[PDB]
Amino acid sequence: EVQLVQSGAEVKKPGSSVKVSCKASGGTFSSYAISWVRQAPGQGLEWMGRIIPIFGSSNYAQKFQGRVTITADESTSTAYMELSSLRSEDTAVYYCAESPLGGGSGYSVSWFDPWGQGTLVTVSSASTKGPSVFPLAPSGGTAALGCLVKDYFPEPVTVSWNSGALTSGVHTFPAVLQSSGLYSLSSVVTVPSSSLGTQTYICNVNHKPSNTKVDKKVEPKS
């Protein structure tokens, strides 16, 4: 039926602007009201504004008045949301959603169905940086070795092992957010401690946002 496809993820600097799209494959926006609701990380939903495509009129919530511009284009049936003067508090996932008009509410919106896939917008004063990879050396019958991928931005960094030949026993931890606004994760593999002198363990770290491809060998320590 009518389904909403949104734009891709965005990383922006403080003060800069961002503009998200939302195309309805249903051909016609018709007389539904397209609205934008943002969810900050780990927080609730927060309605930002609406626009009614057939009438061209938009309406914004008080907290966002002056920063949000919600617009619509009927020929391509695509709605847009432009948020300016970004802050860290604006880091969130932005969803678009159709809504019938009120069946007596007096208001230009009822319930929300369907929903857009969601668009992540990350706003941080940090700049693109490649990581540094260090060998977390080993030292029961099993041992743990791994790689430390520190001081990078932004996510995601992908960590494989032995060119893809070592997948069992792999645990790549979610990264942290240091006070400097730079991530750090580590990927640990637990392996038979009897093979520490014979088997070769090499971790392959890929940080696409900086074209960083790093191969680091993990050897034991005396």
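The first residue of the sequence shown is number 1, and the count goes up from there.
### Message
Please classify the unmodelled stretch of the deposited sequence between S105 and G106: none, 1 to 3, 4 to 9, or 10 or more residues.
### Response
Missing residues, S105 to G106: none.
### Task
Take the C-alpha B-factors listed in the entry for 5-13 and for 194-202, compute each mean, and give the stretch with the larger one.
Per the deposited B-factors, the answer is 194-202.
### Query
Which has higher Cα B-factors on average according to the PDB entry: 93-101 or 143-151?
The entry gives the higher C-alpha B-factor average to 143-151.
### Message
Maximum C-alpha temperature factor per the entry, among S110, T122, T119, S75, belongs to which one?
### Response
Within the set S110, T122, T119, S75, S75 shows the top C-alpha B-factor.
### From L177, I34, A40, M48, residue of greatest CA B-factor
In the PDB entry, the greatest C-alpha B-factor among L177, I34, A40, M48 is found at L177.
#### Entry: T69 - Cα temperature factor, lowest/middle/highest third of chain
It belongs to the lowest third of the chain when residues are ordered by C-alpha B-factor.
### Task
Classify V214 as lowest, middle or highest third according to the C-alpha B-factor given in the PDB entry, relative to its own chain.
It belongs to the middle third of the chain when residues are ordered by C-alpha B-factor.
### Query
Lowest, middle or highest third: where is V189 by C-alpha B factor in its chain?
CA B-factor rank for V189: highest third.
### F29 - Cα temperature factor, lowest/middle/highest third of chain
Highest third, going by the recorded CA B-factors of the chain.
### Message
Sorting by Cα B-factor within the chain, modelled residues only, which third would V170 end up in: lowest, middle or highest?
### Response
Highest third of the chain for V170's C-alpha B-factor.
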